[PDB]
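Report on the structure given below.
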């Protein structure tokens, strides 16, 4: 009864991303739920997330796998238009992992949806800090890395949707932190905006190992991995005993086949390194204690966050190549309406 | 006052082990402790352990590092001859990580020594099951891997000093287990002697990935890593979600420089793999609950174990190349006296 513009994929992304791999279509959708369909909500999407984890969802690996004609689904903000789930009614705002890259989405069995409880916060922050990215940074740091007071912490891609929060949580926790991003603009931004104890550009130093003792003569305890590759090789060579590595992303391998090899895995034994891959969805029962912790540190100016707004559905393809090659800054968020 | 024959190293072992790297010397030692030396024991060694972890101690890496003229020290059985530590007196037997590759060792500050409590068990088993190897297999399985009832378990080098126990503990725990060794004799031995649900030879199959779904069509949950290398690459490709990898050794890299690379580290995120390196010394406060668990399962024939005795101090160099190239079977133990 109303037209719905979807954004679909066109092939598994092994490497060399092309904008032709995203087919923008126009479909129909009824503005209310069909008969015999209880426990479902029809929503109008608003803001969608564009974080590196979606490129991993296109891997062509074994479960939860996204990838070509199927419609793209990820996190987003959506207004309930009609509902057969008594937890929701018209006009209510929510955010969850069931938002399609479309104007109107029919969610047939919502599970991890969280109520907006809107207050005065910008609505895009339930896609950034108050959504999956902030929940990812929180879960990856305190739950995985078991941080102790006054330990060395290091964050890759600290300009991304997750890293800019890992460093802020870690210094406010009470730890030495260093960040790494891929542009002069980001480095001093990461230095001036977030209070990072230090930062640098990883392609300025053509030798990762030399640059990591330049900032960590005492070794490193905690590593939040968003890049992987041979940067992960350099970290292991500098880890203190009983160090821990929370692996959230491996962006260096999204670009090309035959990913870079890691050869110093032997070091995991003599310095007893714990390395754990993780995804945010397994740590959603801790979102309450996450939010009430972030609640005060917002309006006192204690923490901050920034985005890269790209209004409209059509752009999303151009905004996805922005995070794929690293041209984006902060959090890539696309607006479909309002 | 009595001659003491030491065995020392000659160079860091990056690769290509040569027996010339072990210099057999003859030194002197007083048969009693010198004056002004409280809290020390002088011991006569008996049986020494020769497990793959000692080759790692020769790495040339950063702490606890063994390596060339310095005398080799590892686990062993020793009789207290004289003592200034009131916890020990003459004639008492113990075992710990402070046994030198010599006939008589002067231990100046014993810490992790454990009393023999001898009973009737063979004295070599406080170097095998009742010593570091059994404590390593126990700590690496139940503490690191958090095994649940009826999960898929896989053990590399299941003929080694540790793997032959990991599989026995795991099936008696209540789990499906598969082993991997490097000789026809070992495979059927591993099959007939230990009740392994299956086993194979890793160099019989010239493609590790193909052989691992041949035995695990359901995936793998737990991997006890004693080899590393590209066998670890194949395991990660077959791990179930939330799988865990306890890394005890990486023997494939002891042989050659430029160790084999692991490229599928990306898989750690979508299936949430926990990989942890570990050493036994950090889990010695659980040796009591280890021993009282093994206590019954010994003389009922429920568990077994085998060695590769090589009597005398002089051999130890020839016995060390046996585990370096894999020619040994079971547990390599050298006897220096009795």
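The first residue you see is number 1, and the count goes up from there.
Looking at the header, which is where the method is noted, we find X-ray crystallography, 2.7 Å.
Yeah, the Cβs are placed from backbone N, Cα and C, and that goes for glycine too.
Taken from Swiss-Prot, the feature NADP(+) binding site applies to A:160-163, A:186, A:202, A:226, A:248-254, A:278-280, A:328.
A map of Swiss-Prot features onto the structure.
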residue : record               : DSSP class
A:160   : NADP(+) binding site : coil
A:226   : NADP(+) binding site : coil
A:250   : NADP(+) binding site : coil
A:279   : NADP(+) binding site : coil
Field: Chain-internal residues, separated by at least six, CB under 8 A from residue A:160 (NADP(+) binding site)
entry: A:51, A:52, A:226, A:249, A:323, A:331
- request: For the stretch where 2 residues weren't modelled, take the C-alpha of residue A:67 and of residue A:68 and tell me their separation in angstrom, rounded to whole.
  value: 5
Query: For the binding-site residues listed here, A:226, A:250, A:279, which shows the highest count of neighbouring CB atoms within 10 A?
result: A:226
- prompt: If you count Cβ atoms within 10 Å of each one, which of the binding-site residues A:163, A:253 comes out on top?
  reply: A:163
Query: Are any of the binding-site residues A:160, A:163, A:226, A:250 near chain B, where near means a Cβ under 8 Å from a Cβ there, and if so which?
result: A:250
